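Next comes start.pdb, a file with PDB, C-alpha atoms.
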ATOM      1  CA  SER A   1      95.880  86.294  63.761
ATOM      2  CA  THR A   2      93.820  88.198  66.306
ATOM      3  CA  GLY A   3      92.357  87.702  69.760
ATOM      4  CA  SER A   4      89.453  89.289  71.624
ATOM      5  CA  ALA A   5      88.629  88.749  75.307
ATOM      6  CA  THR A   6      86.175  90.332  77.690
ATOM      7  CA  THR A   7      87.586  91.930  80.831
ATOM      8  CA  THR A   8      85.369  92.186  83.925
ATOM      9  CA  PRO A   9      85.654  94.371  87.045
ATOM     10  CA  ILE A  10      86.497  92.351  90.171
ATOM     11  CA  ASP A  11      84.162  94.383  92.394
ATOM     12  CA  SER A  12      81.645  97.227  92.472
ATOM     13  CA  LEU A  13      84.397  99.886  92.525
ATOM     14  CA  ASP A  14      86.306  98.715  89.440
ATOM     15  CA  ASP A  15      89.354  98.139  91.654
ATOM     16  CA  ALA A  16      90.818  95.906  88.931
ATOM     17  CA  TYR A  17      89.716  93.898  85.912
ATOM     18  CA  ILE A  18      90.116  90.187  85.219
ATOM     19  CA  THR A  19      90.346  88.483  81.848
ATOM     20  CA  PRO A  20      90.122  84.708  81.309
ATOM     21  CA  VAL A  21      93.324  83.110  79.996
ATOM     22  CA  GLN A  22      93.786  79.511  78.843
ATOM     23  CA  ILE A  23      97.054  77.904  79.973
ATOM     24  CA  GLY A  24      98.290  74.425  79.133
ATOM     25  CA  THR A  25      96.891  71.286  77.556
ATOM     26  CA  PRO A  26      94.109  70.535  78.293
ATOM     27  CA  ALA A  27      93.354  74.190  78.962
ATOM     28  CA  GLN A  28      93.397  75.477  82.516
ATOM     29  CA  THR A  29      91.478  78.764  82.583
ATOM     30  CA  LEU A  30      92.724  81.366  85.058
ATOM     31  CA  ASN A  31      91.429  84.909  85.486
ATOM     32  CA  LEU A  32      94.379  87.255  85.146
ATOM     33  CA  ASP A  33      94.851  90.979  85.742
ATOM     34  CA  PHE A  34      96.180  92.412  82.459
ATOM     35  CA  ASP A  35      98.779  94.985  83.497
ATOM     36  CA  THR A  36     100.303  97.419  81.003
ATOM     37  CA  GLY A  37     102.606  98.595  83.818
ATOM     38  CA  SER A  38     104.526  95.328  84.244
ATOM     39  CA  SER A  39     106.006  92.566  82.126
ATOM     40  CA  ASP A  40     105.619  89.245  83.944
ATOM     41  CA  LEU A  41     102.895  86.654  83.346
ATOM     42  CA  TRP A  42     102.626  84.948  86.726
ATOM     43  CA  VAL A  43     100.033  82.667  88.248
ATOM     44  CA  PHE A  44      98.892  81.088  91.449
ATOM     45  CA  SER A  45      99.908  77.458  91.093
ATOM     46  CA  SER A  46     100.257  74.021  92.643
ATOM     47  CA  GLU A  47     103.641  75.335  93.878
ATOM     48  CA  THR A  48     102.204  78.306  95.782
ATOM     49  CA  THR A  49     102.658  78.082  99.570
ATOM     50  CA  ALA A  50      99.352  76.562 100.692
ATOM     51  CA  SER A  51      98.676  79.118 103.436
ATOM     52  CA  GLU A  52      98.981  81.888 100.820
ATOM     53  CA  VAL A  53      96.201  80.498  98.620
ATOM     54  CA  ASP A  54      92.642  81.495  99.551
ATOM     55  CA  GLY A  55      90.102  80.845  96.808
ATOM     56  CA  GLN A  56      92.202  81.457  93.687
ATOM     57  CA  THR A  57      92.229  79.064  90.760
ATOM     58  CA  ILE A  58      95.679  77.513  90.417
ATOM     59  CA  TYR A  59      97.765  76.405  87.448
ATOM     60  CA  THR A  60      99.075  72.847  87.856
ATOM     61  CA  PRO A  61     101.917  72.310  85.378
ATOM     62  CA  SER A  62     102.070  68.559  86.051
ATOM     63  CA  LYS A  63      98.561  68.274  84.537
ATOM     64  CA  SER A  64      99.587  70.038  81.308
ATOM     65  CA  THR A  65     101.095  67.879  78.573
ATOM     66  CA  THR A  66     102.727  70.959  77.015
ATOM     67  CA  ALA A  67     104.313  72.373  80.212
ATOM     68  CA  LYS A  68     108.101  72.273  80.500
ATOM     69  CA  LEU A  69     110.208  73.530  83.398
ATOM     70  CA  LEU A  70     112.426  76.403  82.306
ATOM     71  CA  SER A  71     115.387  74.979  84.142
ATOM     72  CA  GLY A  72     117.175  77.324  86.517
ATOM     73  CA  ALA A  73     114.888  80.288  85.900
ATOM     74  CA  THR A  74     113.448  82.250  88.819
ATOM     75  CA  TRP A  75     111.473  85.457  89.119
ATOM     76  CA  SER A  76     110.633  88.004  91.791
ATOM     77  CA  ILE A  77     108.586  91.160  91.431
ATOM     78  CA  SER A  78     107.461  94.049  93.592
ATOM     79  CA  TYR A  79     104.647  96.368  92.544
ATOM     80  CA  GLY A  80     103.964 100.037  93.224
ATOM     81  CA  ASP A  81     101.404  99.223  95.905
ATOM     82  CA  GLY A  82     104.004  97.269  97.875
ATOM     83  CA  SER A  83     102.720  93.830  96.903
ATOM     84  CA  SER A  84     105.032  91.124  95.608
ATOM     85  CA  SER A  85     105.372  87.569  94.389
ATOM     86  CA  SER A  86     108.130  85.179  93.311
ATOM     87  CA  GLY A  87     108.805  81.666  92.093
ATOM     88  CA  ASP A  88     110.052  79.540  89.212
ATOM     89  CA  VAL A  89     109.130  79.285  85.527
ATOM     90  CA  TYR A  90     107.505  76.926  83.039
ATOM     91  CA  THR A  91     106.929  77.348  79.353
ATOM     92  CA  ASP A  92     103.483  76.396  78.111
ATOM     93  CA  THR A  93     100.791  77.233  75.578
ATOM     94  CA  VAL A  94      98.812  80.356  76.477
ATOM     95  CA  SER A  95      95.697  81.592  74.707
ATOM     96  CA  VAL A  96      93.805  84.852  75.141
ATOM     97  CA  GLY A  97      90.507  85.333  73.364
ATOM     98  CA  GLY A  98      91.407  82.813  70.671
ATOM     99  CA  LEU A  99      94.993  84.024  70.134
ATOM    100  CA  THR A 100      97.541  81.328  70.971
ATOM    101  CA  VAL A 101     101.218  81.629  71.883
ATOM    102  CA  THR A 102     103.316  78.499  72.233
ATOM    103  CA  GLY A 103     106.368  78.504  74.496
ATOM    104  CA  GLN A 104     105.138  81.394  76.653
ATOM    105  CA  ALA A 105     106.950  81.846  79.967
ATOM    106  CA  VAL A 106     104.408  81.133  82.697
ATOM    107  CA  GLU A 107     105.858  82.244  86.017
ATOM    108  CA  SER A 108     104.652  79.949  88.787
ATOM    109  CA  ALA A 109     104.334  81.598  92.187
ATOM    110  CA  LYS A 110     105.923  79.901  95.155
ATOM    111  CA  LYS A 111     105.186  82.946  97.343
ATOM    112  CA  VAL A 112     102.718  85.816  97.113
ATOM    113  CA  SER A 113     102.185  88.753  99.456
ATOM    114  CA  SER A 114      99.105  89.183 101.601
ATOM    115  CA  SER A 115      97.234  91.487  99.209
ATOM    116  CA  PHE A 116      97.278  88.745  96.565
ATOM    117  CA  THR A 117      96.191  86.032  99.008
ATOM    118  CA  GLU A 118      93.355  88.219 100.249
ATOM    119  CA  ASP A 119      92.001  88.813  96.743
ATOM    120  CA  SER A 120      90.325  85.579  95.699
ATOM    121  CA  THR A 121      89.277  86.978  92.314
ATOM    122  CA  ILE A 122      92.752  87.478  90.800
ATOM    123  CA  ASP A 123      94.576  84.285  89.786
ATOM    124  CA  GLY A 124      97.696  86.115  88.568
ATOM    125  CA  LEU A 125      98.919  88.916  86.318
ATOM    126  CA  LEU A 126      99.577  89.158  82.602
ATOM    127  CA  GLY A 127     102.120  91.880  81.931
ATOM    128  CA  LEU A 128     101.821  94.051  78.835
ATOM    129  CA  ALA A 129     104.603  96.614  79.382
ATOM    130  CA  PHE A 130     107.896  96.212  77.490
ATOM    131  CA  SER A 131     109.817  92.967  77.908
ATOM    132  CA  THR A 132     112.852  94.860  79.224
ATOM    133  CA  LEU A 133     111.020  94.958  82.601
ATOM    134  CA  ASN A 134     110.525  91.193  82.788
ATOM    135  CA  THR A 135     112.046  89.857  86.027
ATOM    136  CA  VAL A 136     113.004  86.311  85.008
ATOM    137  CA  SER A 137     116.644  85.482  85.775
ATOM    138  CA  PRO A 138     119.120  84.551  84.384
ATOM    139  CA  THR A 139     117.351  84.644  81.011
ATOM    140  CA  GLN A 140     114.811  87.452  80.674
ATOM    141  CA  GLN A 141     111.525  86.390  79.082
ATOM    142  CA  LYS A 142     109.130  88.010  76.633
ATOM    143  CA  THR A 143     105.583  89.143  77.325
ATOM    144  CA  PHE A 144     102.580  87.463  75.750
ATOM    145  CA  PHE A 145     102.205  90.451  73.399
ATOM    146  CA  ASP A 146     105.874  90.406  72.386
ATOM    147  CA  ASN A 147     105.626  86.685  71.592
ATOM    148  CA  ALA A 148     102.351  87.114  69.665
ATOM    149  CA  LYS A 149     103.361  90.250  67.767
ATOM    150  CA  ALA A 150     104.811  88.758  64.606
ATOM    151  CA  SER A 151     101.717  86.594  64.085
ATOM    152  CA  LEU A 152      99.229  89.415  64.646
ATOM    153  CA  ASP A 153      97.463  91.068  61.723
ATOM    154  CA  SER A 154      98.707  94.399  63.127
ATOM    155  CA  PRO A 155     101.237  94.782  65.986
ATOM    156  CA  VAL A 156      98.754  96.322  68.422
ATOM    157  CA  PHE A 157      96.506  95.622  71.340
ATOM    158  CA  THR A 158      93.648  97.747  72.623
ATOM    159  CA  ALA A 159      92.158  98.338  76.068
ATOM    160  CA  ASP A 160      88.481  99.229  76.315
ATOM    161  CA  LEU A 161      87.737  99.171  80.034
ATOM    162  CA  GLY A 162      84.194  99.600  81.302
ATOM    163  CA  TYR A 163      82.858 101.835  84.051
ATOM    164  CA  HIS A 164      81.064  99.462  86.417
ATOM    165  CA  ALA A 165      80.731  97.113  83.424
ATOM    166  CA  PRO A 166      82.720  94.618  81.357
ATOM    167  CA  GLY A 167      84.985  95.754  78.557
ATOM    168  CA  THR A 168      87.393  94.261  76.036
ATOM    169  CA  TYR A 169      91.050  93.571  75.304
ATOM    170  CA  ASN A 170      91.723  93.028  71.597
ATOM    171  CA  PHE A 171      94.968  91.824  70.046
ATOM    172  CA  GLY A 172      95.986  92.409  66.453
ATOM    173  CA  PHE A 173      93.207  94.733  65.267
ATOM    174  CA  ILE A 174      91.450  98.003  65.990
ATOM    175  CA  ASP A 175      87.660  97.641  66.340
ATOM    176  CA  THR A 176      86.425 100.766  64.584
ATOM    177  CA  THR A 177      82.945 100.239  66.091
ATOM    178  CA  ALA A 178      84.248 100.527  69.669
ATOM    179  CA  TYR A 179      84.935 104.273  69.749
ATOM    180  CA  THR A 180      83.509 107.577  68.566
ATOM    181  CA  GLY A 181      85.281 110.195  66.473
ATOM    182  CA  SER A 182      88.936 109.642  65.641
ATOM    183  CA  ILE A 183      91.905 108.143  67.464
ATOM    184  CA  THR A 184      94.644 110.606  68.421
ATOM    185  CA  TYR A 185      98.100 109.060  68.542
ATOM    186  CA  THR A 186     100.907 110.341  70.723
ATOM    187  CA  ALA A 187     104.594 109.474  71.139
ATOM    188  CA  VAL A 188     105.840 106.849  73.581
ATOM    189  CA  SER A 189     109.164 106.603  75.378
ATOM    190  CA  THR A 190     110.213 103.055  76.200
ATOM    191  CA  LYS A 191     113.249 104.206  78.187
ATOM    192  CA  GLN A 192     111.782 103.088  81.528
ATOM    193  CA  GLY A 193     110.040 100.028  80.049
ATOM    194  CA  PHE A 194     106.571 101.565  80.282
ATOM    195  CA  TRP A 195     103.985 102.927  77.867
ATOM    196  CA  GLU A 196     105.181 106.397  78.821
ATOM    197  CA  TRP A 197     103.719 109.437  77.096
ATOM    198  CA  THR A 198     103.121 113.166  77.639
ATOM    199  CA  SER A 199      99.653 114.580  78.147
ATOM    200  CA  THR A 200      99.173 118.124  76.873
ATOM    201  CA  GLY A 201      97.194 119.397  79.881
ATOM    202  CA  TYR A 202      94.009 119.262  81.876
ATOM    203  CA  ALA A 203      90.762 120.915  82.858
ATOM    204  CA  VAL A 204      88.603 120.598  85.966
ATOM    205  CA  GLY A 205      84.875 120.409  85.348
ATOM    206  CA  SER A 206      83.744 123.142  82.989
ATOM    207  CA  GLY A 207      86.892 125.173  83.657
ATOM    208  CA  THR A 208      89.399 126.412  81.132
ATOM    209  CA  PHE A 209      91.990 123.985  79.795
ATOM    210  CA  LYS A 210      95.492 124.403  81.226
ATOM    211  CA  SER A 211      98.164 123.635  78.641
ATOM    212  CA  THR A 212     101.002 121.893  80.449
ATOM    213  CA  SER A 213     103.108 118.804  79.731
ATOM    214  CA  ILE A 214     102.404 115.867  82.052
ATOM    215  CA  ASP A 215     104.639 112.854  81.530
ATOM    216  CA  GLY A 216     103.098 109.602  82.748
ATOM    217  CA  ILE A 217     102.397 105.959  82.042
ATOM    218  CA  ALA A 218      99.305 104.223  80.678
ATOM    219  CA  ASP A 219      98.825 101.535  83.334
ATOM    220  CA  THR A 220      95.829  99.203  83.282
ATOM    221  CA  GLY A 221      97.109  97.526  86.461
ATOM    222  CA  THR A 222      96.743 100.683  88.597
ATOM    223  CA  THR A 223      93.243 101.580  89.790
ATOM    224  CA  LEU A 224      93.508 105.365  90.170
ATOM    225  CA  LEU A 225      94.792 108.451  88.356
ATOM    226  CA  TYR A 226      98.006 109.768  89.960
ATOM    227  CA  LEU A 227      99.056 113.256  88.880
ATOM    228  CA  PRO A 228     101.254 116.105  90.148
ATOM    229  CA  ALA A 229     100.215 117.659  93.428
ATOM    230  CA  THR A 230      99.452 120.999  91.756
ATOM    231  CA  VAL A 231      96.939 119.370  89.376
ATOM    232  CA  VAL A 232      95.341 117.240  92.075
ATOM    233  CA  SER A 233      94.958 120.196  94.441
ATOM    234  CA  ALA A 234      93.269 122.199  91.660
ATOM    235  CA  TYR A 235      90.781 119.353  91.143
ATOM    236  CA  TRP A 236      89.849 118.782  94.789
ATOM    237  CA  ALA A 237      89.591 122.525  95.472
ATOM    238  CA  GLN A 238      86.380 122.358  93.410
ATOM    239  CA  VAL A 239      84.767 119.869  95.821
ATOM    240  CA  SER A 240      83.385 121.369  99.047
ATOM    241  CA  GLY A 241      84.883 119.657 102.074
ATOM    242  CA  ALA A 242      87.500 117.659 100.179
ATOM    243  CA  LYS A 243      90.876 117.369 101.885
ATOM    244  CA  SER A 244      94.028 115.314 101.870
ATOM    245  CA  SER A 245      94.077 112.941 104.808
ATOM    246  CA  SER A 246      97.432 111.544 105.881
ATOM    247  CA  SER A 247      95.634 108.995 108.086
ATOM    248  CA  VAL A 248      93.540 107.648 105.200
ATOM    249  CA  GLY A 249      96.325 107.957 102.624
ATOM    250  CA  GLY A 250      95.045 110.537 100.159
ATOM    251  CA  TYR A 251      92.257 112.868  99.208
ATOM    252  CA  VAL A 252      88.846 112.188 100.673
ATOM    253  CA  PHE A 253      85.600 114.029 100.075
ATOM    254  CA  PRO A 254      82.085 114.102 101.530
ATOM    255  CA  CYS A 255      80.011 111.248 100.171
ATOM    256  CA  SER A 256      77.211 113.816  99.642
ATOM    257  CA  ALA A 257      79.273 115.620  96.973
ATOM    258  CA  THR A 258      78.692 115.742  93.256
ATOM    259  CA  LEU A 259      82.165 115.415  91.705
ATOM    260  CA  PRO A 260      83.251 117.495  88.704
ATOM    261  CA  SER A 261      84.648 115.856  85.595
ATOM    262  CA  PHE A 262      88.360 115.875  84.797
ATOM    263  CA  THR A 263      89.691 116.355  81.269
ATOM    264  CA  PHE A 264      93.148 115.351  80.068
ATOM    265  CA  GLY A 265      94.812 116.284  76.808
ATOM    266  CA  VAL A 266      96.123 113.926  74.139
ATOM    267  CA  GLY A 267      97.737 116.199  71.587
ATOM    268  CA  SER A 268      94.959 118.574  70.538
ATOM    269  CA  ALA A 269      92.304 116.046  71.592
ATOM    270  CA  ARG A 270      90.590 115.837  74.963
ATOM    271  CA  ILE A 271      89.410 112.861  77.033
ATOM    272  CA  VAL A 272      86.735 113.617  79.629
ATOM    273  CA  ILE A 273      86.556 111.536  82.807
ATOM    274  CA  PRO A 274      83.042 111.915  84.247
ATOM    275  CA  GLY A 275      82.869 112.879  87.911
ATOM    276  CA  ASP A 276      81.258 109.578  88.875
ATOM    277  CA  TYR A 277      84.395 107.722  87.699
ATOM    278  CA  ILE A 278      86.353 109.571  90.411
ATOM    279  CA  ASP A 279      84.195 108.219  93.277
ATOM    280  CA  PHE A 280      85.735 105.246  95.089
ATOM    281  CA  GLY A 281      83.127 105.156  97.809
ATOM    282  CA  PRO A 282      83.250 105.139 101.595
ATOM    283  CA  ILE A 283      86.714 104.856 103.126
ATOM    284  CA  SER A 284      85.301 102.157 105.448
ATOM    285  CA  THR A 285      81.898 100.529 105.448
ATOM    286  CA  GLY A 286      79.206 103.025 106.428
ATOM    287  CA  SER A 287      81.498 106.064 106.457
ATOM    288  CA  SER A 288      80.339 109.378 105.022
ATOM    289  CA  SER A 289      83.917 110.107 103.916
ATOM    290  CA  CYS A 290      84.578 108.878 100.396
ATOM    291  CA  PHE A 291      87.905 108.103  98.732
ATOM    292  CA  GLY A 292      88.979 110.075  95.676
ATOM    293  CA  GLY A 293      89.953 108.578  92.351
ATOM    294  CA  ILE A 294      92.486 111.300  91.521
ATOM    295  CA  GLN A 295      95.464 111.285  93.874
ATOM    296  CA  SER A 296      98.903 112.860  94.061
ATOM    297  CA  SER A 297     101.859 111.114  92.415
ATOM    298  CA  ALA A 298     104.283 112.993  94.686
ATOM    299  CA  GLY A 299     106.627 110.391  96.113
ATOM    300  CA  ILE A 300     105.729 107.728  93.520
ATOM    301  CA  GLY A 301     108.246 109.246  91.157
ATOM    302  CA  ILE A 302     106.000 108.933  88.100
ATOM    303  CA  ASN A 303     102.530 110.033  87.033
ATOM    304  CA  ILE A 304     100.137 107.148  86.365
ATOM    305  CA  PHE A 305      97.172 107.166  84.011
ATOM    306  CA  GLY A 306      95.485 104.217  85.685
ATOM    307  CA  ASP A 307      92.049 102.734  85.194
ATOM    308  CA  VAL A 308      90.164 105.911  86.218
ATOM    309  CA  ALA A 309      91.624 107.627  83.165
ATOM    310  CA  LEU A 310      91.881 104.720  80.755
ATOM    311  CA  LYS A 311      88.283 103.558  81.193
ATOM    312  CA  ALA A 312      87.123 106.937  79.828
ATOM    313  CA  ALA A 313      88.802 106.087  76.498
ATOM    314  CA  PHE A 314      89.408 103.497  73.835
ATOM    315  CA  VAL A 315      93.192 103.039  74.093
ATOM    316  CA  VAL A 316      95.515 101.678  71.412
ATOM    317  CA  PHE A 317      98.858 100.241  72.467
ATOM    318  CA  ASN A 318     100.757 100.335  69.182
ATOM    319  CA  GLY A 319     103.765  98.026  69.333
ATOM    320  CA  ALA A 320     105.166  98.852  65.921
ATOM    321  CA  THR A 321     108.922  99.378  65.605
ATOM    322  CA  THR A 322     108.359 102.896  66.942
ATOM    323  CA  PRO A 323     105.629 102.402  69.557
ATOM    324  CA  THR A 324     102.840 104.937  70.060
ATOM    325  CA  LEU A 325      99.645 105.266  72.099
ATOM    326  CA  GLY A 326      96.242 106.164  70.705
ATOM    327  CA  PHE A 327      93.239 107.554  72.565
ATOM    328  CA  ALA A 328      89.658 107.955  71.384
ATOM    329  CA  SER A 329      86.471 108.914  73.139
ATOM    330  CA  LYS A 330      83.761 106.240  73.301
TER     331      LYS A 330
END

Can the structure from this file be put into structure tokens for me?
Amino acid sequence: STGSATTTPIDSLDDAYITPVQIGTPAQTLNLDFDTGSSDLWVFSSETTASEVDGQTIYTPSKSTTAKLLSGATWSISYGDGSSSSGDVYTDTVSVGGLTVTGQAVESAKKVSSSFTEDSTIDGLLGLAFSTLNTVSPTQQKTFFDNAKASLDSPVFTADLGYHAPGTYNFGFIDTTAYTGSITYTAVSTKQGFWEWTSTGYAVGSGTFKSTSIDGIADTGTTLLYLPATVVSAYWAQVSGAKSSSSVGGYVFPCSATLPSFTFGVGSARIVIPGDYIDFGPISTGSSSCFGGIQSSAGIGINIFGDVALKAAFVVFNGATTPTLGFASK
């Protein structure tokens, strides 16, 4: 089997992407944030504290003939941005782009943090990291991909995120029309539960490539590119007036700037992030200070190849017995 679903930016900055997901019988379609940095499929629901729901579409298990309470199971998750959610668990039928999994754990939120409430466009998350990170207790649950894997034509999914445009998540096949040149594959460590890999270096604009190992995670659920302070400083030094602002929470730059590109290495291959992808616009409405899309990972504890990086590539998440990651230009 295979599946193919379009993923759509939630706003004009590509802050996140939502993908329609069918849950239950008859189908209830919710727009979920596919997150290769976590491993829980959770949804706003009929159980979510009413004051914490503001415009989201909810899953109502009592209206699904295939829903079953997973008795005794609870979940609770905290994300890198400080947001969180928690609740109980149902199993139900879940379909993405025509690919169906029966008996998928659907984590029903009883509580969500303010950032979730305030974002009416995201109805929940669909985790695509390794199932070892799943938070369900006392019986850990599998991700949608893990459950689908054996049925897939090939044990892979691909992320093809758009810049200010829709893109695609495919399951079970590699669309050879969706990229240019060849795909370069690179080793993955699953030791921390992430799609963790080592970039071979970077360049800023038209500058020379610096060969240096940068360990990080491929994370579709993180907006920006978070890299070591040395790398980030070298980038922003090429933008007149750019500075790190403790009050704003990162590097800012004059909105009048033209940003240089940023290149990262994948083995001997190179992925180029155009400068425009690094512009996250005014820090507040009407400001002439703009927020940068490359930020320091210092104090996160891990480097993160978030959407800024991933949307410059066609990315293969190869879930074979020995997982790997592939990157192609597009």

Using only C-alpha atoms, determine which residues lie at most 10 Å from segment 288-292 of chain A, disregarding the query and same-chain residues fewer than 2 positions distant; provide the list as a tab-separated table (two decimals) with C-alpha atoms, in the frame of the given file.
chain	number	residue	atom	x	y	z
A	224	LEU	CA	93.51	105.36	90.17
A	225	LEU	CA	94.79	108.45	88.36
A	236	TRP	CA	89.85	118.78	94.79
A	241	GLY	CA	84.88	119.66	102.07
A	242	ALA	CA	87.50	117.66	100.18
A	243	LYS	CA	90.88	117.37	101.88
A	244	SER	CA	94.03	115.31	101.87
A	245	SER	CA	94.08	112.94	104.81
A	248	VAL	CA	93.54	107.65	105.20
A	249	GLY	CA	96.32	107.96	102.62
A	250	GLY	CA	95.04	110.54	100.16
A	251	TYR	CA	92.26	112.87	99.21
A	252	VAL	CA	88.85	112.19	100.67
A	253	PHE	CA	85.60	114.03	100.08
A	254	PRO	CA	82.08	114.10	101.53
A	255	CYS	CA	80.01	111.25	100.17
A	256	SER	CA	77.21	113.82	99.64
A	257	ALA	CA	79.27	115.62	96.97
A	259	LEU	CA	82.16	115.42	91.70
A	277	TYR	CA	84.40	107.72	87.70
A	278	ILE	CA	86.35	109.57	90.41
A	279	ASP	CA	84.20	108.22	93.28
A	280	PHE	CA	85.74	105.25	95.09
A	281	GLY	CA	83.13	105.16	97.81
A	282	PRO	CA	83.25	105.14	101.60
A	283	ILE	CA	86.71	104.86	103.13
A	284	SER	CA	85.30	102.16	105.45
A	285	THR	CA	81.90	100.53	105.45
A	286	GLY	CA	79.21	103.02	106.43
A	294	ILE	CA	92.49	111.30	91.52
A	295	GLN	CA	95.46	111.28	93.87

(request) Convert the output of the PyMOL selection byres ((chain A and resi 64) around 7) on the shown file into explicit residues, formatted as number ranges by chain. (result) A: 24-26, 61-63, 65-67

(message) On this structure, the PyMOL selection byres ((chain A and resi 181) around 9) would catch which residues? List them as number ranges by chain, sorted by chain and number.
(response) A: 179-180, 182-183, 328-330

(request) With the file shown as input, list the residues that the PyMOL selection byres ((chain A and resi 127) around 9) selects, as a list in words. (result) residues 33, 34, 35, 36, 37, 38, 39, 40, 41, 42, 125, 126, 128, 129, 130, 131, 134, 143, 144, 145 and 221 of chain A

Which residues are close to residue 154 of chain A, i.e. within 7 Å by all atoms listed in the file, leaving aside same-chain residues fewer than 2 positions away? Reply as a short mmCIF file (atom, residue, chain, number, x, y, z; two decimals) with C-alpha atoms, in the frame of the given file.
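Writing the result to result19.cif gives the following:
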data_model
loop_
_atom_site.label_atom_id
_atom_site.label_comp_id
_atom_site.auth_asym_id
_atom_site.auth_seq_id
_atom_site.Cartn_x
_atom_site.Cartn_y
_atom_site.Cartn_z
CA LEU A 152 99.23 89.42 64.65
CA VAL A 156 98.75 96.32 68.42
CA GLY A 172 95.99 92.41 66.45
CA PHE A 173 93.21 94.73 65.27
#

Which residues are near residue 187 of chain A? Cut-off 7 Å, only C-alpha atoms, ignore same chain within fewer than 5 positions. Put them as a tab-separated table (two decimals) with C-alpha atoms, in the coordinates of the input.
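Final output, around.tsv:
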chain	number	residue	atom	x	y	z
A	197	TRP	CA	103.72	109.44	77.10
A	324	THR	CA	102.84	104.94	70.06
A	325	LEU	CA	99.64	105.27	72.10

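Taking atom CA of residue 327 of chain A and atom CA of residue 268 of chain A as endpoints, the distance between them is 11.3 Å.
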
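Atom CA of residue 150 of chain A is positioned 14.5 Å from atom CA of residue 323 of chain A.
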
(message) Residues near residue 124 of chain A, anyone? I mean within 10 Å using all atoms listed in the file, not counting same-chain ones fewer than 6 positions away, as number ranges by chain.
(response) A: 18, 30-34, 40-45, 56-59, 85, 107-109, 112, 116

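If you measure from each of A:301, A:82, A:162, A:87 to residue 228 of chain A using all atoms listed in the file, the closest one turns out to be A:301.
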